[PDB]
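With the input below, show me the fold.
(chains A, B, C and D)
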Protein chains: 4
Amino acid sequence: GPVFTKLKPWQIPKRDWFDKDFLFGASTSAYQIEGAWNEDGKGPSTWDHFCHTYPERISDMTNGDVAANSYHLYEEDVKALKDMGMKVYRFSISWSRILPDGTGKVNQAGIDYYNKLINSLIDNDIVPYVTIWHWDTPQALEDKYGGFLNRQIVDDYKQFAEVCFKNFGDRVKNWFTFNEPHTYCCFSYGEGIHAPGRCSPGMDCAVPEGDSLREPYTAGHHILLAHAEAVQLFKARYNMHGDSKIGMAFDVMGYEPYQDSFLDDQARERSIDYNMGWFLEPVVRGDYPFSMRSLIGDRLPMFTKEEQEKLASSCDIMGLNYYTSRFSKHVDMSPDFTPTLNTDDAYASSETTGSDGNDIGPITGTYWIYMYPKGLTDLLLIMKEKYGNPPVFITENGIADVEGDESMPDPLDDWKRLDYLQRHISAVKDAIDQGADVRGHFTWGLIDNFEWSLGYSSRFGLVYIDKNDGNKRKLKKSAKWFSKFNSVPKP
Amino acid sequence: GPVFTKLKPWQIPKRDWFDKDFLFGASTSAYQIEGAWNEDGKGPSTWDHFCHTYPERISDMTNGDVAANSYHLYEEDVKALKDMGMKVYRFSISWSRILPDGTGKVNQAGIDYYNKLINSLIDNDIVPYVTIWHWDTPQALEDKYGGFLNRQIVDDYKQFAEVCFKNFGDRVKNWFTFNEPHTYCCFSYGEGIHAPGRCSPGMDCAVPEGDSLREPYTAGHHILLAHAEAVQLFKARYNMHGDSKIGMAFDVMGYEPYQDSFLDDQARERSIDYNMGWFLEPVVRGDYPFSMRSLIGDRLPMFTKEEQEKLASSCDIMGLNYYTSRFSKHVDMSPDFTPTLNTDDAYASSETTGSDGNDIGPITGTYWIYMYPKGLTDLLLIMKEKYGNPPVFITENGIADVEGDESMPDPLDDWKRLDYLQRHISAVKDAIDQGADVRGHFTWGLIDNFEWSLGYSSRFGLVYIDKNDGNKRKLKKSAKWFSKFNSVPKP
Amino acid sequence: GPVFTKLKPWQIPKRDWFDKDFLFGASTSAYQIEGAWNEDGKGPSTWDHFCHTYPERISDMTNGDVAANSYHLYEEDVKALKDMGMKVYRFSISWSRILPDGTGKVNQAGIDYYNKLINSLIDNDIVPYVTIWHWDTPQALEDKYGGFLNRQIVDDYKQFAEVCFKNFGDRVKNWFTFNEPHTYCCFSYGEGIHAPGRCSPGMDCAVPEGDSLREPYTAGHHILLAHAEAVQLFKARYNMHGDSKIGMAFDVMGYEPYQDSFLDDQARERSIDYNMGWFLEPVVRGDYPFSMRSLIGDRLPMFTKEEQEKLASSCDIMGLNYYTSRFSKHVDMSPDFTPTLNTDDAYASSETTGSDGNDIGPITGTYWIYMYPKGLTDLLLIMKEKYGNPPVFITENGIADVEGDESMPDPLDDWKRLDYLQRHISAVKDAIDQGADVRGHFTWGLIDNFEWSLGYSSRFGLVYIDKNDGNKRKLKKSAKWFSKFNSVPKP
Amino acid sequence: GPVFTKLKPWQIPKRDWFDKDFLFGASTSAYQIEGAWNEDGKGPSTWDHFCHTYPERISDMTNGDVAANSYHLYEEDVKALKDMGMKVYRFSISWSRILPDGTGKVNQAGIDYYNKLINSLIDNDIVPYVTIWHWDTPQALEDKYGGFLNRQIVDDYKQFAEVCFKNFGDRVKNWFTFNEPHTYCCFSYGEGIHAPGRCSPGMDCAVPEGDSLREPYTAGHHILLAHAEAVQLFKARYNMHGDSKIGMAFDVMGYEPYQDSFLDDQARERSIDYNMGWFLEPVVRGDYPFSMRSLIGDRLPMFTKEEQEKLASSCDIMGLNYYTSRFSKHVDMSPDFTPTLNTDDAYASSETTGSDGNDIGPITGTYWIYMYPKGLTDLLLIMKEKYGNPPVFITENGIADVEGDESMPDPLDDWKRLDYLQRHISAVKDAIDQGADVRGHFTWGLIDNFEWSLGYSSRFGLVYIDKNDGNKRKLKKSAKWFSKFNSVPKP
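Residues are numbered from 1 along each chain as shown, chains lettered A, B, ... in the order given. Shown next is the protein structure:
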């Protein structure tokens, strides 16, 4: 109630299900855990500004000023990873902490911080997988030219990435240029619920003076161009030993046809093209999915021949951030339907219930995460069969425990999260058994953190953060299972 | 609301989907439509007695005294079949109308009635498929020795069947000895909600002085023995031309394992063994399913060598009455569980919801009919792959429109019934495409009728019966579709 | 004559067929090879007592007083393993040699012996896989309370296991709590042909004052409870580094339905449930197979909630001792059949011939080992598809050369054993190719030994033991093939 | 003993398993049942001569002088067919009864006889399928030029066939030019156990002055040329209405590779090429199988371009005479092996036992008929997948009950024959389900008859012939089953 059936004992994953090279880890992002938002020379980011200017846009009126205070307590994050036996830590670098003005003088204090974290991880036999940008744009660039809505962001991002390569590249050998470009474009410029908070006039967001049918595509186009420039530079000057890898992480939802009909089968392909293909196809073949160009037209920027060439094959590794799936229902083209939100351009509605009226899967806590591990296996096979089977890492996967949920009264007894994670780890095994080149699984939420517009009300961590006890780290049931799973020796 | 998605236009069945020999028809039963319960010498049946003695046991306080008055209006039933283009009419013969005292003197008026119906059907090019017994036991035999709980019922039934063969066998060439033995044993002697209304002391039924763990099996054993004796007689003296066929109709529910586990896979097999195998396996191999004997033991009567021989291969045709499916959930054997109802002996609970909390399919009106056509195809393939692929007729299939259901305000606009029927007709096509020897589809409910303990509150007909307008027959939307489906010429 | 066709040259296994982590080895058991039955403080076991009290119960009137004298010649066993290039040696620890009185004072001489063997194996780069109990019960405990028929055996076994963990756990990292519980219960308490030699009154065994329908189940229940207690202790205090593994070894026969019929398909499942499931299902889900509980009832002890929890998932590795297969033929439940031997409870007879009258496979020497490698692959896939695909080691596999067999005049020319082993190694490869997690193959019979009730008349070794030449070890043809297979450098 | 397991009750074929056009029948041949060997002007055949000159060559010293006396009692044969409900009767025409001198004057009495049989069959709604030649060569032609060893047989056969077409073609619309050419060539000219009884000098046959490596091929070549000429004439002048069909009946054995090896897979193909392809491939593509030409060379006659053209596609229907199967074992080419019998040319030995030493199937009575219905289904699929799926009739199928077999003491209780026939009828159903164009099943042995070199000692009939009671026809258990199977009305 809600009925939540767990895996049978003989269906629980064992580390042995994966080969010696497979990597289990956990993830976080700078704004969501660091805190020290204005400390040691750090400049403000678009999220600092968004929260400080429109605090009401965060569900619980909180922000990332302190978060889990990882700027000061990062050693406790490393300890948590070690205690669970994780082999990888995926974290992000704060652009505004390294370059307070977006461009210009590098903040040595910022560089010193990440060097300490990186060196501690290495000293503890944990491999760092670094995300360069995680929605973390310096407000200085937003003020100057509108951030990602202006072409100038391309070179500015390139120079930021270069600072990262030069200072950390000797130890960090695995990078992700951008995190969830589709989520970012949709929520930051479509619905405007995320920083900078823009949307079309008449819509409900902080700054309703944008264009939900155009700004999302403009921003995404610049993200892709910035990615292409950064990768070109990386391969040319920062991979001299040929042992480094760079790619990007995509937010992806699985999709099933709403009804048994060729129409919803077509709708499903449009949904995947829009959710995943929007950014994946450009890095694979050098252009957006044909479905998107045919439906968005002039609102979707064209790539030059040189740009398409730089984009194609620009990812050594693909990161997939998977949480849930939806049913895709066909929408006809007619004067009765007129797109107003960018997501309308897919002509496929995302439904939580199918043709029989049933939810796609059990709700796990927060309103949008319905459990459907099959959707992940299906996406992994699409990567294998359609896009060339590139190396794939599940860069994010997990659930939230929500404040106020009577079914989750003890924050440490996260048996639901554990079952969900075990089921998805098993779904990854299924994909590997079928030939998919999946290299790792990183649980989103090494620790509870700032869940953007929902604040701290949503806890995604394997490790609890006791906000009333100095942000102390406490392993949850799920974290303890990983300790056993990873055969961590006991004291 | 409840969401009821319909088939797409190109998925609607056409008569051409089936070969020229396939037979579409409709079904009814004597007590449910005839009326004239005490007319022209007819004696009382167990249902006349049950309703007249415990009227409160029928939901709407109604009974079959008049029903659809088919004793007098049978020509209107024939007309409805003709108007829909049906090729078969499956109806039953009232034992108490033919033999008022169970045994003894045959009631000529009763014989004349069925002869009129049979001759009218033949004159209208409709083939009669006759059910000899449809829960219709003469109360005289119930009073004398407890009806089906006594061995005497075997010979008495045999003599009744012989009267039917002698008087109608020259025109009727397809018979069903018994209808839904599993439903009958469960509801008449287990829960006791059906005539004679018996159950264990302490339970809620009209006559709580029986034994829900024993009487159901005793009754079923006599049904099988009576069937065996009647078939032996039929093949020996009433099939001289070798063109007649006899079998029985089984109520069957489809089953899916509740959860992905070998335990529920085993539970599912026990559910099928109990629901279908109880009576099907004896007519196929001469004995009850091993699962039942291992779990019921001394409470399940043993068959003699001669009886097993007479039972094996005793059916020329198999009738399957299919309406819905359930999830089967394993129940462990332990001192914590003690059977009290015969259905408990399967050690598999029937659930309407699966491991994810979702209903197995859309509710269609009455509380127990969840739409799941896949379950039917699965059962048909079990008949093919496990039991030798004998000739199978879907002898009943349909849904009820319930009085008071705000989603069904117009009794003639039965688009839900139509969609359900089209989906199951398509499921039969799927089975045939896969090699199953399915010979016909008979919709349960040629006309609205007395739905046993629910009275007239549940309307199952393709044809509406206007109880306030002299029981007038009015074709519903579904019936009109059949007219088109069967290419009936228009006036 | 008997026709024994060998594999074609291109079908012979190569070490390369398996990955670098796969482990090839050989096995023995304490009573079967050690000798020194009363030396250096060792107390008598149930087998010492059985042989000394009822010598006539051993076919050739021999016993394990000296056996292969491995107590003194263990270095020759290590040399044989080294000469063949084996990477693993599976041997057992003698309970009575370590704890002469079952409980109490540990015999240092016993501890010193196993330490010498373990250290020699390690010095020779051979990994020790240790079986804690191999039918080896101290007669002191048999005298005191009836050994495994009394609950006291649970804690006594636990303390014995602890002695093993404390003294050898620093080097031994792979354990098997019990060997062939099904064989043991069937032969020691059912037919009574094995120590302590008990069976029902009227039957032919040494001590016909037991109960063949109850004692086998009582003993098996205590074996499972002892296993659960030992594993709980192991995981809690003797796996601090998390690099050790513990499980049990099951004797298993493959099964094929006797005839093409759903009845024999059901019989086959009952046979597997009884032969393998009896002990495997409890360690997988915490309870006996449903089929067994439904057929054995009160004669099969119930597990408490806590016990089921301790049993479920109690094995890190599964050992399968495979030699042959049988056809399973359905037996009906009726007053004409009454169980007298525990094996009768499966209601499935094990036949050496199928419906066409043909043997399941070629006889290999001893009367019960018919060659049918397909049966092994089938069982391995059941482990994979039904029980979660846990790590499986073929802990025993091989054939016997029998004294007096004119087709085997030269004990060293064991081409039949070699072909049989090659065929089963290939069958394991087939299972691995199909996804089964098989980790190794240990040939039963590193050396010829005491084959229980058949004495030395059955030779199972890869290495011959010349009983008339001081028990000298001589490599047979099969052993020499392993030297080549394992690429052992030559002198 | 010998173990003979029967089909389960639900596995017994029903007429409904096949469509309305499928034809069930029985077969006989002229010399085997007619008698009247020298009556009404009939001339002697090679079999009359063989038996009368070398009576010792028939096991029981009998012959076809009287046989079942069908020349006089044919109406009883028609009655037996009618009583069983058979729709087809496959019989042969005696060349020597129609043309006593092989060529020349037609014997009107002979023509009148077959006209009576044909008209009686038609009056009884039974379709006649006529075999023109069934080893029945006129001794006049054998004396004149060596029968089938001389090219003159081609035109002489053509003129005989024409007599049949002209006199019976108005009612007979289905013909088979020759019966079992492979059996005939092998036994009549290879081993010489059949008339004319020729073999190589030194071998044991009536006339050891032939050549077992050449005469079989010479005879077969003339059979094919005669077939081609007869069919050309038939299609040109005796199928004006286009409703007649002509082909030939081939004796065929199923084959399985002796051992799991590509060598025996190749051997199996050579066996099929030799047993079936020898005569089938020429009528399909116009030439012998490549394997035969590569191995037999100059001993296998070459076809001219015109002959290959006349042979290709010369059969409207294919008759397969199936009884058993064998394992095919590869034979290497080397100076150690030199062919002496024509069958040696296939370089594949036919074994009754496989690599495991087991018989291919249960023996059914006579020494050569091992039951293996799978072999038939396999051959039918080869016809479908390799040779174009032409219309196939099982023109012969059955078993013999042997005089002296203690397991068959009552000649009428042929439950073994019945089970065998039911299993093969089911195997035909399997082939049809898989797409094979099988049009009928004719049981060999409408009545017990003269089984060539084994005399009457082998009874193949569905109907018993009581030789001591005037050759009276008595239906056996199998025949009675067909009456039920075919729904024959009872008296």
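
which helices and strands does the lengthiest helix in chain A pack with?
Counting residues, the longest helix in chain A under DSSP state H turns out to be helix A:215-237. Judged by 3 or more C-beta pairs under 8 Å, 6 or more residues apart in numbering or on different chains; DSSP states H and E, helix A:215-237 is in contact with helix A:152-168, strand A:174-179, helix A:181-185, strand A:245-257, helix A:278-285, helix A:305-311. Every residue, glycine included, has its C-beta placed from N, CA and C.

and that helix with strand A:245-257, angle?
With axes from the mean of the first three to the mean of the last three C-alpha atoms, to 10 degrees defining the directions, helix A:215-237 sits at 150 degrees from strand A:245-257.

CA atoms of helix A:215-237 as CSV?
Presented in CSV, the C-alpha positions along helix A:215-237 are these (Å, rounded to 0.1, in the frame of the first residue of the first chain):
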residue,chain,number,x,y,z
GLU,A,215,14.9,28.9,-26.6
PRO,A,216,15.1,25.2,-25.7
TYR,A,217,16.5,24.4,-29.2
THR,A,218,18.8,27.4,-29.2
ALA,A,219,20.3,26.3,-25.9
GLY,A,220,20.7,22.7,-27.0
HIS,A,221,22.4,23.7,-30.2
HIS,A,222,25.0,25.7,-28.3
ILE,A,223,25.5,22.8,-25.9
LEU,A,224,26.3,20.5,-28.8
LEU,A,225,28.6,23.1,-30.4
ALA,A,226,30.4,23.6,-27.1
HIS,A,227,30.7,19.8,-26.7
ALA,A,228,32.2,19.5,-30.2
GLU,A,229,34.8,22.2,-29.6
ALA,A,230,35.8,20.9,-26.2
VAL,A,231,36.2,17.3,-27.5
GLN,A,232,38.2,18.5,-30.5
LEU,A,233,40.6,20.3,-28.1
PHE,A,234,40.7,17.3,-25.8
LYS,A,235,41.7,14.8,-28.4
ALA,A,236,44.2,17.2,-30.0
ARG,A,237,46.1,18.4,-26.9
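
Which positions within it qualify as buried?
A:215-231, A:233-234 (16 or more other C-beta atoms under 10 Å in any protein chain shown).

Now do the same contact list for the residue of the stretch 351-491 of chain A found nearest chain C.
Of all residues in the stretch 351-491 of chain A, residue A:487 sits closest to chain C, at 3.8 Å by C-beta to the nearest C-beta. Going by C-beta atoms under 8 Å, 6 or more residues apart in numbering or on different chains, residue A:487 touches A:15, A:85, C:242-243.

can you rerun that using 10 Å?
A:14-16, A:85, C:239, C:241-244 (C-beta atoms under 10 Å, 6 or more residues apart in numbering or on different chains).

sec struct for it, please.
Applying DSSP: H, G, I helix; E, B strand; the rest coil to residue A:487 yields a three-state assignment of coil.

Check the burial of residue A:406 by counting its neighbours.
6 (other C-beta atoms under 10 Å in any protein chain shown).

Just to be sure, it is in a strand?
No: Residue A:406 is assigned coil when assessed by three-state DSSP, not a strand.

and it, backbone torsions?
Here is the backbone geometry of residue A:406 (degrees, to the nearest 10): phi -60, psi -20.

who's in contact with it?
Contacts of residue A:406 by C-beta under 10 Å, 6+ apart are residue A:1.

list the buried ones in stretch A:167-187?
For stretch A:167-187, the buried set under the neighbour-count rule, 16+ other C-beta under 10 Å, comprises A:167-169, A:172-187.

among these, which are in reach of chain C?
With C-beta under 10 Å from any C-beta of the partner chain as the criterion, the buried residues of stretch A:167-187 include none near chain C.
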